[PDB]
Amino acid sequence: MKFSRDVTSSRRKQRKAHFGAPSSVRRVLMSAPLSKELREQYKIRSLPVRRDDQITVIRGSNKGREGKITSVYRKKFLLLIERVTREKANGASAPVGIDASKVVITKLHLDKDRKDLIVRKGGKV
Amino acid sequence: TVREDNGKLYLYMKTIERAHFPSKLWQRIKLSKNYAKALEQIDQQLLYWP
Amino acid sequence: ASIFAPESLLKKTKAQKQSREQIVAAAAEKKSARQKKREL
Amino acid sequence: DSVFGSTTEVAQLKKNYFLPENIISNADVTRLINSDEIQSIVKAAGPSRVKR
Amino acid sequence: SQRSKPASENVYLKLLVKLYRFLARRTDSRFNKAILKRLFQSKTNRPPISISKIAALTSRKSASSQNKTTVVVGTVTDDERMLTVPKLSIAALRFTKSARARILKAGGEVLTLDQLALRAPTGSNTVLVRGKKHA
Amino acid sequence: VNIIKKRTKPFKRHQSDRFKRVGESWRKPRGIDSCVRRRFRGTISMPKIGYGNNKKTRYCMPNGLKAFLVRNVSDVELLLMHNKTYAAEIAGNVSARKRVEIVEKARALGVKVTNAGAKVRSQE
Amino acid sequence: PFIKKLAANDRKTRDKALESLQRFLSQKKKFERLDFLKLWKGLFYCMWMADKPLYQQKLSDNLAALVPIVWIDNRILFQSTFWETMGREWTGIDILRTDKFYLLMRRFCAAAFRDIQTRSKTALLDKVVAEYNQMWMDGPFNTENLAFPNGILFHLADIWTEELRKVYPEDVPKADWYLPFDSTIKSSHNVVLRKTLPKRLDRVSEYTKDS
RNA sequence: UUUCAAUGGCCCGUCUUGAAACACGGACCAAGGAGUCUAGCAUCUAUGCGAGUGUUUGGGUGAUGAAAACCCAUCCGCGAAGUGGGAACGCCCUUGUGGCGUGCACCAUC
RNA sequence: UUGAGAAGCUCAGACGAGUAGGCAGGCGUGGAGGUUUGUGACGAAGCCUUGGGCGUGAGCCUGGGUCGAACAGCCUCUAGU
């Protein structure tokens, strides 16, 4: 149960906040779990996704697939993973969007900003 | 009452004096597979009941 | 060793015996009275 | 006992409150009806559902 | 609201009607028939009777109240105006808290209508009383 | 014991066959100048308490049993003692996973099921 | 002998407390009436909680056999307090516990006659019954106590002769055995009681002197 | 269910009128569409307490929603200000029959 | 003899038009508290049907088809019923 009068349990206001969120909020809304190896080595459970991240698809028809994240589609809350495509009528390959919570991060595109993020969120390297 | 447990019928009885101890409220005995003996078992255990 | 025939049962059986005695006596004289009545 | 009191003693935590009393002392009507005091003076019961 | 069952939803009042339904038909007493009829009556038709009226009615004229139980199907309220309460035995549906304390501390006893049915199942040696309906 | 039905035709609302806007469900005619209310000759019948069926055979199916709606196995076990008076009727919203387990349970209990072959096939 | 232990929720504790109370009742000291009244509140609830018919037959036997254990001086008070607590709690029992308490009263009815016979070995029988008839008259058979239930007295009338014959299987000596009933039938303000007690009672005037 | 045969069967609502005649409303279907809320008063019933009764203007309090529940200081409102018949009961005793008493509520008589 | 939802069970007789109006018991709808250790992607609700059944009736249960994510029975509360 929530006891703060500063947070709303209203489904109307929760749905409006999620679907009307700005880009700097959808960066956090699009978070993915880390693999057990990374999770117990970086001391971090989940991180927001990013391009060049290496992920494994965990749920859906494409379950078990792996690949880098070519681009994150924050408008529709979708990830676009390389070689995870669908053939069209004319044979052109249309990429398939995957929710960020349906993948797991097996390798992190480490940067100084993310390295600072790890030590910030109780992590280590 | 009589109820069945995994193929064996049991006679369940409760008394007024165990009414406030739910774990020990109902007592249970085994009823023989022999029908005549099962009827007599109910008669002996329920003696002077209505 | 044995159950002692509850005392409510004993009280009822004594009461039922009194009523059963009355019923037989009432019907015993009713049959004689009815037979004489039918002849009348 | 202090929150509710007793049917004769006032509650400590409720000023001037006594537990409600009952219209019947013993609420087992079967015990009163089938008692020795009452069954000894009732007239002989007629039958149950009677023959046609 | 008065004919064949009380309009009351009180479960314990239904248990008294059940008890005197048995007593009315299994005994040839008009007391059990009268008590049963007054249990179906409404609150307006069952006026309270003061503790002073019971004391006055029992010790009236020749008095000689002996120990007859006073029976009222109603509430026995208190009369603070009277100062000395006699030794009385009253059976009623309800006693007020002051009336019950005054009756008990001043000698006698208070009974319910089911406690009296076990003492006088035919209502023998009972003083059946009523409250004035003038109001 | 045979079930006698005083009437088998339903009581239709008056003038329900002339208009689509007026449903078949019975409505008491409130018109004073209505021939149906005054019960002339040739006018339709009306629901009267005289048409009420025998109390003993009321709610009884033509096979002599009374319907008992069943939503799971626990409901059908209640009819252990009343299998000669009641028939199990599985509800319409009970899935085929539970319909099969109700039918198998009702078979050992000796209980008739009114719709036992619904949403399933057989495999001998 | 703690009363709180006599009314415990487990039967093992109640049996242990009953055994400890066996010694407590045999002391050579005078217990006041209130002390026995409180003691009989626990003992009533020790009997009130007995579960199976075989246990409550033995439990009522244990309570009845407790009477000769009590000191002779305050033995009458033990019985007189038993019939006081069985009169004020009789109407509060339910219909499923009356049969277990009927037997206890019956066992104590015979416990009075058996104690009468024991004291008759040394002292004369006339004064022993007089002491007991005083207990019966001041207690259950009191005419000024309108609240004492007739169910107890109807039971006592039903078993008075049949439990006296048990104590004296060979012959019953002359005594005022039926004195409490004679006083009650004559001068009781309960018309139901005096109109039905002679029917229930089966007093045998074979030995008592003709009036 | 459709259809046939035999027998029967004037269009519904409103108003009118003994009655109808009437005059009105009705192309069809869907959805919407009319004794509601509140203040006061009186009867009745139920419930609580009862010569009392009413916590919620307010204060206290309430960590798990704290607009709830729980508690009540001072006021105040409204209330308070003999003879007959007879319910019921006991006692009889020719026992039923009736009589002898005790007499509620209420109605008649002072 | 088991027939004590004593609010049950049971026996008997008479009776049955009905406007205004009086009275009683029921059917259905939206939402609320409780409950069914309730139903549901192995198909909820809805709709369709010369399928079947129950009730004097309001109505209710169900098969088949269609359909695609919620919903109901019981006690009580409530009303833009």
# chains A, B, ... in the order shown; residues from 1 in each chain; ligands from 1
>>> interface_residues(of="chain H", to="chain E", cutoff="9 Å", atoms="only C-alpha atoms (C1' of nucleotides)", output="number ranges by chain")
H: 45-46, 49-51, 87-90, 102, 104-106
>>> write_last_selection(atoms="N, CA, C and O atoms (P, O5', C5', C4', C3', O3' and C1' of nucleotides)", output="PDB file, in the first residue's frame")
ATOM      1  P     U H  45     -47.748   1.108  16.417  1.00  0.00           P
ATOM      2  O5'   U H  45     -46.478   0.499  15.684  1.00  0.00           O
ATOM      3  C5'   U H  45     -46.595  -0.682  14.914  1.00  0.00           C
ATOM      4  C4'   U H  45     -45.340  -0.971  14.136  1.00  0.00           C
ATOM      5  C3'   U H  45     -44.079  -1.202  14.946  1.00  0.00           C
ATOM      6  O3'   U H  45     -44.010  -2.491  15.522  1.00  0.00           O
ATOM      7  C1'   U H  45     -43.597   0.242  13.152  1.00  0.00           C
ATOM      8  P     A H  46     -43.173  -2.721  16.871  1.00  0.00           P
ATOM      9  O5'   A H  46     -41.661  -2.605  16.404  1.00  0.00           O
ATOM     10  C5'   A H  46     -41.095  -3.576  15.542  1.00  0.00           C
ATOM     11  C4'   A H  46     -39.750  -3.139  15.034  1.00  0.00           C
ATOM     12  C3'   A H  46     -38.707  -2.847  16.092  1.00  0.00           C
ATOM     13  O3'   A H  46     -38.105  -4.017  16.611  1.00  0.00           O
ATOM     14  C1'   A H  46     -38.722  -1.100  14.523  1.00  0.00           C
ATOM     15  P     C H  49     -30.661  -0.841  25.675  1.00  0.00           P
ATOM     16  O5'   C H  49     -31.069   0.360  26.632  1.00  0.00           O
ATOM     17  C5'   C H  49     -30.075   1.074  27.345  1.00  0.00           C
ATOM     18  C4'   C H  49     -30.443   2.524  27.533  1.00  0.00           C
ATOM     19  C3'   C H  49     -31.446   2.834  28.621  1.00  0.00           C
ATOM     20  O3'   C H  49     -30.912   2.773  29.928  1.00  0.00           O
ATOM     21  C1'   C H  49     -32.002   4.053  26.699  1.00  0.00           C
ATOM     22  P     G H  50     -31.820   2.206  31.121  1.00  0.00           P
ATOM     23  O5'   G H  50     -32.989   3.275  31.251  1.00  0.00           O
ATOM     24  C5'   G H  50     -32.720   4.590  31.707  1.00  0.00           C
ATOM     25  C4'   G H  50     -33.881   5.512  31.443  1.00  0.00           C
ATOM     26  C3'   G H  50     -35.091   5.331  32.336  1.00  0.00           C
ATOM     27  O3'   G H  50     -34.936   6.004  33.571  1.00  0.00           O
ATOM     28  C1'   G H  50     -35.781   5.504  30.079  1.00  0.00           C
ATOM     29  P     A H  51     -35.624   5.442  34.903  1.00  0.00           P
ATOM     30  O5'   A H  51     -36.838   6.440  35.154  1.00  0.00           O
ATOM     31  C5'   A H  51     -36.709   7.548  36.042  1.00  0.00           C
ATOM     32  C4'   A H  51     -36.209   8.781  35.333  1.00  0.00           C
ATOM     33  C3'   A H  51     -36.079  10.032  36.198  1.00  0.00           C
ATOM     34  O3'   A H  51     -34.973  10.808  35.739  1.00  0.00           O
ATOM     35  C1'   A H  51     -37.546  10.466  34.413  1.00  0.00           C
ATOM     36  P     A H  87     -62.301 -11.575  32.593  1.00  0.00           P
ATOM     37  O5'   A H  87     -60.763 -11.471  32.207  1.00  0.00           O
ATOM     38  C5'   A H  87     -60.365 -11.113  30.892  1.00  0.00           C
ATOM     39  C4'   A H  87     -58.905 -10.752  30.840  1.00  0.00           C
ATOM     40  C3'   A H  87     -57.952 -11.773  31.437  1.00  0.00           C
ATOM     41  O3'   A H  87     -57.655 -12.832  30.546  1.00  0.00           O
ATOM     42  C1'   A H  87     -57.409  -9.626  32.246  1.00  0.00           C
ATOM     43  P     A H  88     -57.845 -14.355  31.016  1.00  0.00           P
ATOM     44  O5'   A H  88     -56.761 -14.539  32.165  1.00  0.00           O
ATOM     45  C5'   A H  88     -55.380 -14.375  31.889  1.00  0.00           C
ATOM     46  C4'   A H  88     -54.576 -14.223  33.153  1.00  0.00           C
ATOM     47  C3'   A H  88     -54.781 -15.287  34.215  1.00  0.00           C
ATOM     48  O3'   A H  88     -54.105 -16.501  33.951  1.00  0.00           O
ATOM     49  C1'   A H  88     -54.857 -13.174  35.228  1.00  0.00           C
ATOM     50  P     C H  89     -54.689 -17.881  34.528  1.00  0.00           P
ATOM     51  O5'   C H  89     -54.340 -17.829  36.077  1.00  0.00           O
ATOM     52  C5'   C H  89     -52.993 -17.785  36.514  1.00  0.00           C
ATOM     53  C4'   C H  89     -52.901 -17.461  37.982  1.00  0.00           C
ATOM     54  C3'   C H  89     -53.563 -18.450  38.923  1.00  0.00           C
ATOM     55  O3'   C H  89     -52.790 -19.611  39.160  1.00  0.00           O
ATOM     56  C1'   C H  89     -54.199 -16.270  39.528  1.00  0.00           C
ATOM     57  P     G H  90     -53.522 -21.018  39.395  1.00  0.00           P
ATOM     58  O5'   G H  90     -53.732 -21.076  40.970  1.00  0.00           O
ATOM     59  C5'   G H  90     -52.655 -20.818  41.857  1.00  0.00           C
ATOM     60  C4'   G H  90     -53.151 -20.492  43.242  1.00  0.00           C
ATOM     61  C3'   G H  90     -54.125 -21.485  43.851  1.00  0.00           C
ATOM     62  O3'   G H  90     -53.481 -22.616  44.409  1.00  0.00           O
ATOM     63  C1'   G H  90     -54.952 -19.297  44.149  1.00  0.00           C
ATOM     64  P     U H 102     -60.821  -9.594  48.306  1.00  0.00           P
ATOM     65  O5'   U H 102     -59.456  -9.583  47.489  1.00  0.00           O
ATOM     66  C5'   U H 102     -58.246  -9.980  48.112  1.00  0.00           C
ATOM     67  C4'   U H 102     -57.166 -10.252  47.099  1.00  0.00           C
ATOM     68  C3'   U H 102     -56.954  -9.181  46.046  1.00  0.00           C
ATOM     69  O3'   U H 102     -56.189  -8.090  46.523  1.00  0.00           O
ATOM     70  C1'   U H 102     -56.976 -11.310  45.021  1.00  0.00           C
ATOM     71  P     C H 104     -57.468  -3.485  39.640  1.00  0.00           P
ATOM     72  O5'   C H 104     -56.333  -3.764  38.563  1.00  0.00           O
ATOM     73  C5'   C H 104     -54.964  -3.685  38.930  1.00  0.00           C
ATOM     74  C4'   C H 104     -54.056  -3.912  37.748  1.00  0.00           C
ATOM     75  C3'   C H 104     -54.263  -2.992  36.560  1.00  0.00           C
ATOM     76  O3'   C H 104     -53.669  -1.719  36.732  1.00  0.00           O
ATOM     77  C1'   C H 104     -54.089  -5.214  35.803  1.00  0.00           C
ATOM     78  P     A H 105     -54.488  -0.392  36.354  1.00  0.00           P
ATOM     79  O5'   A H 105     -54.733  -0.525  34.787  1.00  0.00           O
ATOM     80  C5'   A H 105     -53.651  -0.418  33.878  1.00  0.00           C
ATOM     81  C4'   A H 105     -54.061  -0.756  32.467  1.00  0.00           C
ATOM     82  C3'   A H 105     -55.185   0.070  31.867  1.00  0.00           C
ATOM     83  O3'   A H 105     -54.759   1.337  31.404  1.00  0.00           O
ATOM     84  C1'   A H 105     -55.556  -2.211  31.408  1.00  0.00           C
ATOM     85  P     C H 106     -55.628   2.644  31.727  1.00  0.00           P
ATOM     86  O5'   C H 106     -57.053   2.328  31.095  1.00  0.00           O
ATOM     87  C5'   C H 106     -57.243   2.291  29.689  1.00  0.00           C
ATOM     88  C4'   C H 106     -58.579   1.688  29.336  1.00  0.00           C
ATOM     89  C3'   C H 106     -59.803   2.423  29.859  1.00  0.00           C
ATOM     90  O3'   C H 106     -60.175   3.541  29.078  1.00  0.00           O
ATOM     91  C1'   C H 106     -60.015   0.135  30.349  1.00  0.00           C
TER      92        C H 106
END
>>> closest_atom_pairs(of="chain B", to="chain G", cutoff="12 Å", atoms="only C-alpha atoms", output="JSON lines")
{"residue": "B:13", "atom": "CA", "partner": "G:52", "partner_atom": "CA", "distance": 11.2}
{"residue": "B:14", "atom": "CA", "partner": "G:51", "partner_atom": "CA", "distance": 9.8}
{"residue": "B:15", "atom": "CA", "partner": "G:51", "partner_atom": "CA", "distance": 7.1}
{"residue": "B:16", "atom": "CA", "partner": "G:96", "partner_atom": "CA", "distance": 7.0}
{"residue": "B:17", "atom": "CA", "partner": "G:51", "partner_atom": "CA", "distance": 5.3}
{"residue": "B:18", "atom": "CA", "partner": "G:51", "partner_atom": "CA", "distance": 7.2}
{"residue": "B:19", "atom": "CA", "partner": "G:51", "partner_atom": "CA", "distance": 10.4}
{"residue": "B:20", "atom": "CA", "partner": "G:9", "partner_atom": "CA", "distance": 9.7}
{"residue": "B:21", "atom": "CA", "partner": "G:9", "partner_atom": "CA", "distance": 9.2}
{"residue": "B:24", "atom": "CA", "partner": "G:10", "partner_atom": "CA", "distance": 11.3}
{"residue": "B:25", "atom": "CA", "partner": "G:51", "partner_atom": "CA", "distance": 10.9}
{"residue": "B:27", "atom": "CA", "partner": "G:52", "partner_atom": "CA", "distance": 11.3}
{"residue": "B:45", "atom": "CA", "partner": "G:53", "partner_atom": "CA", "distance": 11.0}
{"residue": "B:46", "atom": "CA", "partner": "G:53", "partner_atom": "CA", "distance": 11.1}
{"residue": "B:47", "atom": "CA", "partner": "G:53", "partner_atom": "CA", "distance": 10.1}
{"residue": "B:48", "atom": "CA", "partner": "G:53", "partner_atom": "CA", "distance": 10.2}
{"residue": "B:49", "atom": "CA", "partner": "G:96", "partner_atom": "CA", "distance": 10.7}
{"residue": "B:50", "atom": "CA", "partner": "G:96", "partner_atom": "CA", "distance": 11.7}
>>> write_last_selection(atoms="C-alpha atoms", output="tab-separated table (two decimals), in the first residue's frame")
chain	number	residue	atom	x	y	z
B	13	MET	CA	-18.20	-36.76	15.60
B	14	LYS	CA	-18.09	-33.53	17.58
B	15	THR	CA	-19.31	-32.76	21.09
B	16	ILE	CA	-20.45	-29.56	22.76
B	17	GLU	CA	-17.44	-29.68	25.09
B	18	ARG	CA	-14.91	-29.25	22.24
B	19	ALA	CA	-16.80	-26.44	20.50
B	20	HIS	CA	-14.18	-23.74	21.16
B	21	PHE	CA	-11.14	-25.79	20.10
B	24	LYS	CA	-9.75	-30.75	18.16
B	25	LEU	CA	-13.45	-30.20	17.46
B	27	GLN	CA	-12.96	-36.77	16.15
B	45	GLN	CA	-19.89	-44.90	18.60
B	46	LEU	CA	-23.23	-43.04	18.38
B	47	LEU	CA	-24.78	-44.84	21.34
B	48	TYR	CA	-27.69	-42.95	22.97
B	49	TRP	CA	-27.49	-40.29	20.28
B	50	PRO	CA	-30.86	-39.38	18.76
>>> atom_distance(atom1="CA of residue 128 in chain G", atom2="CA of residue 161 in chain G")
17.8 Å
>>> residues_around(residues="range 22-33 of chain A", least_positions_apart="3", cutoff="10 Å", atoms="only C-alpha atoms (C1' of nucleotides)", output="PyMOL selection string")
chain A and resi 17-19+36+38-39+44-50+55+72-79+99-106
>>> atom_distance(atom1="CA of residue 23 in chain F", atom2="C1' of residue 49 in chain I")
17.2 Å
>>> interface_residues(of="chain C", to="chain B", cutoff="10 Å", atoms="only C-alpha atoms", output="PyMOL selection string")
chain C and resi 3-6+9
>>> write_last_selection(atoms="N, CA, C and O atoms", output="short mmCIF file (atom, residue, chain, number, x, y, z; two decimals), in the first residue's frame")
data_model
loop_
_atom_site.label_atom_id
_atom_site.label_comp_id
_atom_site.auth_asym_id
_atom_site.auth_seq_id
_atom_site.Cartn_x
_atom_site.Cartn_y
_atom_site.Cartn_z
N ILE C 3 -21.72 -47.23 28.95
CA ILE C 3 -22.41 -45.95 29.00
C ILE C 3 -23.71 -46.14 29.78
O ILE C 3 -24.37 -47.17 29.67
N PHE C 4 -24.07 -45.13 30.58
CA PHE C 4 -25.05 -45.30 31.65
C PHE C 4 -26.44 -44.78 31.29
O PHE C 4 -27.15 -44.30 32.18
N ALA C 5 -26.87 -44.88 30.03
CA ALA C 5 -28.27 -44.63 29.68
C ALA C 5 -28.76 -43.27 30.17
O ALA C 5 -29.42 -43.21 31.21
N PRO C 6 -28.44 -42.17 29.46
CA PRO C 6 -28.64 -40.82 30.00
C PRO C 6 -29.94 -40.59 30.77
O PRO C 6 -30.98 -41.16 30.44
N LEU C 9 -33.18 -39.71 29.05
CA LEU C 9 -33.85 -40.86 28.46
C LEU C 9 -34.69 -41.59 29.49
O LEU C 9 -35.83 -41.99 29.21
#
>>> residues_around(residues="residue 40 in chain A", least_positions_apart="6", cutoff="12 Å", atoms="only C-alpha atoms (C1' of nucleotides)", output="list in words")
residues 33, 34, 46, 122, 123, 124 and 125 of chain A
>>> write_last_selection(atoms="C-alpha atoms", output="PDB file, in the first residue's frame")
ATOM      1  CA  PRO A  33      17.213  -6.304 -16.304  1.00  0.00           C
ATOM      2  CA  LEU A  34      20.855  -7.312 -16.290  1.00  0.00           C
ATOM      3  CA  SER A  46      18.366  -3.074 -13.827  1.00  0.00           C
ATOM      4  CA  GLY A 122      25.777   1.127  -5.122  1.00  0.00           C
ATOM      5  CA  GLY A 123      27.773  -0.713  -7.782  1.00  0.00           C
ATOM      6  CA  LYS A 124      31.426  -1.427  -8.459  1.00  0.00           C
ATOM      7  CA  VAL A 125      33.787  -2.259 -11.305  1.00  0.00           C
TER       8      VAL A 125
END
>>> residues_around(residues="residue 28 in chain E", least_positions_apart="2", cutoff="10 Å", atoms="only C-alpha atoms (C1' of nucleotides)", output="PDB file with N, CA and C atoms, in the first residue's frame")
ATOM      1  N   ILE D  41     -45.549 -30.839  33.240  1.00  0.00           N
ATOM      2  CA  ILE D  41     -46.906 -30.316  33.350  1.00  0.00           C
ATOM      3  C   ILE D  41     -47.603 -30.193  32.009  1.00  0.00           C
ATOM      4  N   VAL D  42     -46.908 -30.421  30.897  1.00  0.00           N
ATOM      5  CA  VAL D  42     -47.553 -30.367  29.595  1.00  0.00           C
ATOM      6  C   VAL D  42     -48.474 -31.566  29.439  1.00  0.00           C
ATOM      7  N   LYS D  43     -49.610 -31.355  28.782  1.00  0.00           N
ATOM      8  CA  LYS D  43     -50.500 -32.465  28.495  1.00  0.00           C
ATOM      9  C   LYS D  43     -49.885 -33.371  27.434  1.00  0.00           C
TER      10      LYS D  43
ATOM     11  N   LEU E  23     -45.743 -23.350  25.199  1.00  0.00           N
ATOM     12  CA  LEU E  23     -46.462 -23.351  26.467  1.00  0.00           C
ATOM     13  C   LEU E  23     -47.944 -23.071  26.277  1.00  0.00           C
ATOM     14  N   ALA E  24     -48.305 -22.288  25.261  1.00  0.00           N
ATOM     15  CA  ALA E  24     -49.706 -21.938  25.065  1.00  0.00           C
ATOM     16  C   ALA E  24     -50.521 -23.131  24.583  1.00  0.00           C
ATOM     17  N   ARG E  25     -49.958 -23.956  23.703  1.00  0.00           N
ATOM     18  CA  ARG E  25     -50.727 -25.047  23.119  1.00  0.00           C
ATOM     19  C   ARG E  25     -50.575 -26.362  23.865  1.00  0.00           C
ATOM     20  N   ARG E  26     -49.482 -26.556  24.594  1.00  0.00           N
ATOM     21  CA  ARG E  26     -49.275 -27.788  25.341  1.00  0.00           C
ATOM     22  C   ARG E  26     -49.731 -27.685  26.789  1.00  0.00           C
ATOM     23  N   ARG E  30     -54.618 -20.013  30.619  1.00  0.00           N
ATOM     24  CA  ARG E  30     -54.842 -18.743  29.947  1.00  0.00           C
ATOM     25  C   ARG E  30     -53.719 -17.750  30.196  1.00  0.00           C
ATOM     26  N   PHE E  31     -52.843 -18.020  31.164  1.00  0.00           N
ATOM     27  CA  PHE E  31     -51.691 -17.155  31.390  1.00  0.00           C
ATOM     28  C   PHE E  31     -50.698 -17.267  30.244  1.00  0.00           C
ATOM     29  N   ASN E  32     -50.392 -18.496  29.828  1.00  0.00           N
ATOM     30  CA  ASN E  32     -49.485 -18.691  28.706  1.00  0.00           C
ATOM     31  C   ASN E  32     -50.081 -18.145  27.419  1.00  0.00           C
ATOM     32  N   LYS E  33     -51.400 -18.257  27.262  1.00  0.00           N
ATOM     33  CA  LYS E  33     -52.058 -17.678  26.096  1.00  0.00           C
ATOM     34  C   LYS E  33     -52.037 -16.157  26.150  1.00  0.00           C
ATOM     35  N   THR E 122     -47.152 -22.723  34.243  1.00  0.00           N
ATOM     36  CA  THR E 122     -48.560 -22.405  34.071  1.00  0.00           C
ATOM     37  C   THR E 122     -48.915 -21.020  34.591  1.00  0.00           C
TER      38      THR E 122
END
>>> select_by_dssp(residues="chain C", states="helix (DSSP H, G or I)", output="PyMOL selection string")
chain C and resi 7-39
>>> write_last_selection(atoms="C-alpha atoms", output="tab-separated table (two decimals), in the first residue's frame")
chain	number	residue	atom	x	y	z
C	7	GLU	CA	-31.00	-39.56	32.69
C	8	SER	CA	-33.10	-37.57	30.21
C	9	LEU	CA	-33.85	-40.86	28.46
C	10	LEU	CA	-34.90	-42.47	31.74
C	11	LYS	CA	-37.20	-39.56	32.57
C	12	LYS	CA	-38.81	-39.68	29.13
C	13	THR	CA	-39.31	-43.46	29.24
C	14	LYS	CA	-41.05	-43.18	32.60
C	15	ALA	CA	-43.31	-40.46	31.19
C	16	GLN	CA	-44.03	-42.44	28.02
C	17	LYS	CA	-44.89	-45.49	30.14
C	18	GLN	CA	-47.50	-43.47	32.05
C	19	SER	CA	-49.06	-42.27	28.79
C	20	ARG	CA	-48.89	-45.74	27.21
C	21	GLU	CA	-50.67	-47.15	30.27
C	22	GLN	CA	-53.43	-44.55	29.88
C	23	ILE	CA	-53.84	-45.21	26.14
C	24	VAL	CA	-54.29	-48.97	26.60
C	25	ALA	CA	-56.78	-48.49	29.44
C	26	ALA	CA	-58.73	-45.90	27.45
C	27	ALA	CA	-58.85	-48.17	24.39
C	28	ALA	CA	-59.57	-51.23	26.54
C	29	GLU	CA	-62.76	-49.65	27.88
C	30	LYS	CA	-63.53	-47.97	24.55
C	31	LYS	CA	-63.80	-51.34	22.79
C	32	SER	CA	-66.23	-52.61	25.42
C	33	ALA	CA	-68.20	-49.36	25.29
C	34	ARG	CA	-68.21	-49.36	21.49
C	35	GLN	CA	-69.48	-52.94	21.30
C	36	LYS	CA	-72.36	-52.15	23.65
C	37	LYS	CA	-73.04	-48.90	21.78
C	38	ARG	CA	-73.25	-50.70	18.44
C	39	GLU	CA	-75.85	-53.11	19.82
>>> residues_around(residues="range 181-192 of chain G", least_positions_apart="3", cutoff="8 Å", atoms="only C-alpha atoms (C1' of nucleotides)", output="PyMOL selection string")
(chain D and resi 41) or (chain E and resi 67+119-122+124-125) or (chain G and resi 141-143+146+157+178+195-198)
